Amino acid sequence: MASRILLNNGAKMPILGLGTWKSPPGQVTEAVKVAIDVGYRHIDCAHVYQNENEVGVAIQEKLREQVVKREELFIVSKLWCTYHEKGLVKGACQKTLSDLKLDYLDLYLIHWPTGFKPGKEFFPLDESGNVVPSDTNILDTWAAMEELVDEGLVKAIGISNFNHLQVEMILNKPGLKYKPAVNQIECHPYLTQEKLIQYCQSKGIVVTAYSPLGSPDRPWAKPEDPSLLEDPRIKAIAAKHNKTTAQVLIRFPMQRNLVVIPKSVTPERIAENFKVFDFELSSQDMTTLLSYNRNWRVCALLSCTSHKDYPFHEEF
Ligand SMILES: NC(=O)c1ccc[n+]([C@@H]2O[C@H](COP(=O)([O-])OP(=O)(O)OC[C@H]3O[C@@H](n4cnc5c(N)ncnc54)[C@H](OP(=O)(O)O)[C@@H]3O)[C@@H](O)[C@H]2O)c1
Ligand SMILES: O=C(O)COc1cc(F)ccc1C(=O)NCc1nc2ccccc2s1
């Protein structure tokens, strides 16, 4: 298991990164410092997570300490839905750069394929609770992302939560200049994504798996939801390998040629989650884990389901 995967822009991306959604601003600086100390070289960020400044403090301190060189880090962020408008994309990227204390991003993603009305509110709603769309389309937003590459603000661009028809739309964009390097999507044994993954990989697009542990700290969790970390079938595979269930859940996408970005602010877990390069799941383990698919999503917000570009109506 090599540590980095080659992207279609010629750069190499670490297959294990640290997630930062829900990482409290008073804890995430130390979390990222610990992560870098124990070997992480890829951090997954987003403006909408409201903690980029604090993530940036950690990155900058480790650069200043000369624990790691900037060239050895792979920092990812994402353009929020309220910034899809052409004239807002660069400023959104620059705000993220300023908060992260970087002069470039390794990868910048369209966070969701849905544009929302610009403003201070991340989820602008009408009086009945429906998200208010913007009249932007994914193709023009993509052209705006391409400009960021051409101004040196980002080394690679990509997409997130795009279904295969939406990926196809970009691949078929008139005058397409840069193909997406990555599609970052939810993926775990309850949402295995065989079709979308094969499609993306067949086009040379690297897939990143988010919520690989099933996001047990998601704020909308319900008692009746399935629970990966507590699934006796997955625990059994972990026991066989003398690893934790979380370690199995992280190793699983790695063996599908995916990048994976588990989140933690707990130092012991940050370290545990990185110790996944010293064992191998069997082909049988892999197919067995795949067999647990439920088409169950952590991320699929009801208020956005009428947006014309809502991604999860399509089969894949
Ligand atoms: N592109 C998108 O739309 C999108 C959507 C969702 C997520 N993401 C990215 O993917 C990252 C990961 O997904 P996620 O945050 O939803 O959830 P996740 O990584 O599946 O799970 C995080 C949860 O698992 C716990 N945890 C971590 N390591 C553990 C271990 N070894 N043993 C037991 N529990 C453990 C964490 O607790 P503690 O932190 O308390 O240790 C936290 O409650 C996000 O942080 C974000 O960077 C992107
Ligand atoms: O979107 C993420 O990366 C993680 O989820 C969130 C993070 C935040 F900081 C704030 C909100 C969310 C959240 O509600 N995410 C669930 C979402 N589902 C859809 C569906 C269509 C369009 C946009 C969204 S956002």
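Just follow the structure's listing: the first ligand is 1, and inside any ligand the first atom is 1. The chain is numbered in sequence order, starting from 1.
- Side-chain contact check for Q166 and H164: no donor-acceptor pair (N or O, by modelled atom type) lies under 3.5 Å.
- Each of the atoms 3 (O) of ligand 1 lies under 4.0 Å from some heavy atom of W112.
- Taking every non-hydrogen atom of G214 and a distance limit under 4.0 Å, the qualifying atoms of ligand 1 come out as 20 (O).
- Both the backbone and the side chain of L213 come within 4.0 Å of ligand 1, judged by heavy-atom distances.
- Relative to the ring axis of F252, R256 places its NZ or CZ within 45° and under 6.0 Å from the centre.
- The proximity of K22 to ligand 1, defined as any non-hydrogen pair under 4.0 Å, is limited to the side chain.
- For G19, no nitrogen or oxygen atom sits less than 3.5 Å from a nitrogen or oxygen atom of ligand 1, counting backbone and side chain alike.
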Result block: side-chain N/O donor-acceptor pairs under 3.5 angstrom for residues 9-20, not counting sequence neighbours:
{"unit_1": "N9", "atom_1": "OD1", "unit_2": "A11", "atom_2": "N", "d": "3.0"}
{"unit_1": "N9", "atom_1": "ND2", "unit_2": "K155", "atom_2": "O", "d": "3.0"}
{"unit_1": "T20", "atom_1": "OG1", "unit_2": "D44", "atom_2": "O", "d": "2.7"}

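- When the shell of 6.0 Å around NZ of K101 is examined, it contains more than 12 heavy atoms from other residues, nucleotides or ligands.
- The contact set between ligand 1 and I261, taken as ligand atoms under 4.0 Å from a residue heavy atom, comprises 9 (C), 10 (O), 11 (C), 12 (C).
- For the residues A221, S215, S77, the heavy atom positioned nearest atom 17 (O) of ligand 1 is part of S215.
- Residue contacts with ligand 1 include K78, since one of its heavy atoms falls under 4.0 Å from the ligand.
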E272 and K275: CA distance, side-chain angles, deciding distance, salt bridge (charged side-chain N to carboxylate O under 4.0 Å, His left out) verdict: CA-CA 5 Å; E272 174 179 310; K275 293 173 184 179; over 6 Å; no
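- Contact annotation: for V298 versus ligand 1, there are no heavy atoms closer than 4.0 Å.
- Shown are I5, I185, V259; of these, the side chain to side chain contact (heavy atoms under 4.5 Å, CB included) with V207 is made only by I185.
- Taking the six-membered ring where the residue is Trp, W112 and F312 present perpendicular rings, their angle passing 60° and hence far from 30°.
- Taking the six-membered ring where the residue is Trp, the centroids of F123 and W80 are separated by under 6.0 Å.
- Close approach to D44 involves these atoms of ligand 1, each under 4.0 Å from a residue heavy atom: 9 (C), 46 (C), 47 (O).
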For ligand 2, find each of its N or O atoms that sits under 3.5 Å from a protein N or O atom, and tabulate the pairs with distances to one decimal place.
{"unit_1": "ligand 2", "atom_1": "1 (O)", "unit_2": "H111", "atom_2": "NE2", "d": "3.4"}
{"unit_1": "ligand 2", "atom_1": "1 (O)", "unit_2": "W112", "atom_2": "NE1", "d": "3.0"}
{"unit_1": "ligand 2", "atom_1": "3 (O)", "unit_2": "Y49", "atom_2": "OH", "d": "2.7"}
{"unit_1": "ligand 2", "atom_1": "3 (O)", "unit_2": "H111", "atom_2": "NE2", "d": "2.7"}
{"unit_1": "ligand 2", "atom_1": "18 (N)", "unit_2": "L301", "atom_2": "N", "d": "3.1"}

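- Selection from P262, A246, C299 by nearest heavy atom to atom 30 (C) of ligand 1 gives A246.
- Applying the side-chain hydrogen bond (donor to acceptor under 3.5 Å, both in side chains) test between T96 and each of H47, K78, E52 identifies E52 as the sole match.
- Of the candidates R218, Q184, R269, the one placing a heavy atom closest to atom 34 (N) of ligand 1 is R269.
- Each of the atoms 1 (N), 2 (C), 3 (O) of ligand 1 lies under 4.0 Å from some heavy atom of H111.
- Between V89 and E147 the shortest side-chain heavy-atom distance does not fall below 4.5 Å.
- Atom CD of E280 has 12 or fewer neighbouring heavy atoms from other residues, nucleotides or ligands inside a 6.0 Å radius.
- Side chain of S282 to main chain of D285: a donor-acceptor pair is present (N/O by atom type, distance under 3.5 Å, no hydrogens or angles).
- Remark: ligand 1 atoms within the under-4.0 Å shell around heavy atoms of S264 are 27 (C), 38 (P), 39 (O), 41 (O).
- Only the side chain of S160 comes within 4.0 Å of ligand 1, counting heavy atoms alone; its backbone N, CA, C and O stay farther away.
- At under 3.5 Å, a nitrogen or oxygen of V265, whether backbone or side chain, sits near a nitrogen or oxygen of ligand 1.
- Contact annotation: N273 has at least one heavy atom less than 4.0 Å from an atom of ligand 1.
- Under 4.0 Å from ligand 1, heavy atoms of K263 appear from its side chain as well as its backbone.
- Legend: residues meeting side chain to side chain contact (heavy atoms under 4.5 Å, CB included) with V167, ordered by chain and number and at least two apart, are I159, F162, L171, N183, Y199, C200, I205.
- For the residue pair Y190/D231, the side-chain donor-acceptor check at 3.5 Å is satisfied.
- Close contacts of ligand 1 with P212, meaning ligand atoms under 4.0 Å from a residue heavy atom, involve 19 (O), 20 (O).
- The ligand atoms of ligand 1 that sit less than 4.0 angstrom from a heavy atom of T266 are 38 (P), 40 (O), 41 (O).
- Residues meeting the side chain to side chain contact (heavy atoms under 4.5 Å, CB included) test with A92, sequence neighbours left out: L79, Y83, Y108.
- When the shell of 6.0 Å around NZ of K22 is examined, it contains more than 12 heavy atoms from other residues, nucleotides or ligands.
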